[PDB]
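Read through the structure below, which is laid out as structure tokens, and then see the notes.
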Amino acid sequence: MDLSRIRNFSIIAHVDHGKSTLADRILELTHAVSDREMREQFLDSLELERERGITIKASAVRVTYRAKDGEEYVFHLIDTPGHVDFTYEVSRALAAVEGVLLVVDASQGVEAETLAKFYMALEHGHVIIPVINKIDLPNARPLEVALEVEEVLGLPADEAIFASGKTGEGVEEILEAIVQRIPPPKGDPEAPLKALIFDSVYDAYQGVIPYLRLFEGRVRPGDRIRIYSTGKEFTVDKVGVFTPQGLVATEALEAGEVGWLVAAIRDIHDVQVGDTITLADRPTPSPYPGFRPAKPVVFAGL
RNA sequence: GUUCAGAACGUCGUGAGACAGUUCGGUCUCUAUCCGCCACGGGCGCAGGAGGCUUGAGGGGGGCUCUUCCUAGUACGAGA
Ligand SMILES: Nc1nc2c(ncn2[C@@H]2O[C@H](COP(=O)(O)OP(=O)(O)CP(=O)(O)O)[C@@H](O)[C@H]2O)c(=O)[nH]1
């Protein structure tokens, strides 16, 4: 809590470049989970992610005092990977994060993927960070590999903290690197609840649960919220305190805090892949400018 | 199965019969002399008599292959 320090970031790298073990390896270095560690790439939910190791959707992210005497628990994880297909999450879903790691491959080098997203994280305005991954193999000289970055990967070689996900220096700089590197995401203390839903899900039991980062206005447990479109999901319930295993208690959230908001009128379609306009009582005076989903070439023949 | 005799259908024939048209029936003799072959011996040679142990010309036998897993889902790949 408190608009002090802390920042959001979404890991972004090429396929296999190390976006599973790295995004987790840095987790089992502070706390969370006793024995049954990450196991095989955290966020491996849906069970389907397990096999094929094809990361699809695994955000959540919930840590704590992981900063060496400073801002403390402040690093909205975003295990959102991609490789030309699910650029959605890393697109709009990630847009909610003001800073995404750049785990560029140090063995295979930089590919189109990195050069692709690099453009979005440019004009979109965000604090990019490069850092070679998997530095336990023969050809992995972060040196030369870096040359491409300082002359092919946007900025130069500001020390991508080449540590690599799988084992290694356990990437301890992130807690002291990305922290002091990235600032805070606004605050909004006296304004109308105007959160911006990220992805979302379904009910099946306790209505739908769409998570997202809010700008201003803490939705306590029982606040007649609204989202432009009709908006009848009032009564509220809870802010939704994400974690590394599953939903938790959580008292109340505020601006910036990447949480969820469910309960009251579940339904299936009424909030869209995300968005939530605002709350009640003269809220935001505009709609959180979002983005499109998908509808290009490459169709199907079911 | 088809090539016998019995029998029937179809058709051909005035008729007995007939048809690479079908249909059911319907005795398979097989003591080996020689070559060949498989094993096993008999005489005898091996230029002193016998008892053991072997090399090997040479010849035969044998030679098949799939599946997961490791280096690694790494090189390749812009992914699968
Ligand atoms: N030893 C070691 N292995 C690594 C390292 N980085 C990646 N790997 C290996 O390569 C594979 C790919 O890494 P991982 O981050 O899990 O893939 P991913 O990027 O999350 C999948 P996607 O690209 O779709 O988001 C992993 O199975 C892991 O074993 C590293 O720094 N050290």
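We number chain A the way Swiss-Prot does; in order, the residues shown are 4-305.
Quick check of the header: electron microscopy, 3.8 Å.
Yeah, the Cβs are placed from backbone N, Cα and C, and that goes for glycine too.
Database features (Swiss-Prot):
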BINDING   A:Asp19, A:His20, A:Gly21, A:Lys22, A:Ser23, A:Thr24, A:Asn136, A:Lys137, A:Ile138, A:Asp139  GTP binding site
DOMAIN    A:7-189  domain 'tr-type G'
Maximum Cα-Cα separation in Å among residues A:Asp19, A:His20, A:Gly21, A:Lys22, A:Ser23, A:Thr24, A:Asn136, A:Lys137, A:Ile138, A:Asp139, which the record lists as binding GTP: 16
Listed binding-site residues (A:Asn136, A:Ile138), ranked by Cβ neighbours within 10 Å, top entry: A:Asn136
Cβ packing number for A:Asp19 (GTP binding site), 10 Å threshold: 15
Measure from the Cβ of A:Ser23 (GTP binding site) and count the other Cβ atoms within 10 Å, all protein chains considered. 26
Name the residues of the same chain, 6+ apart in sequence, whose Cβ is under 8 Å from the Cβ of A:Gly21 (GTP binding site)? A:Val106, A:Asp108, A:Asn136, A:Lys137, A:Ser167, A:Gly168, A:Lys169
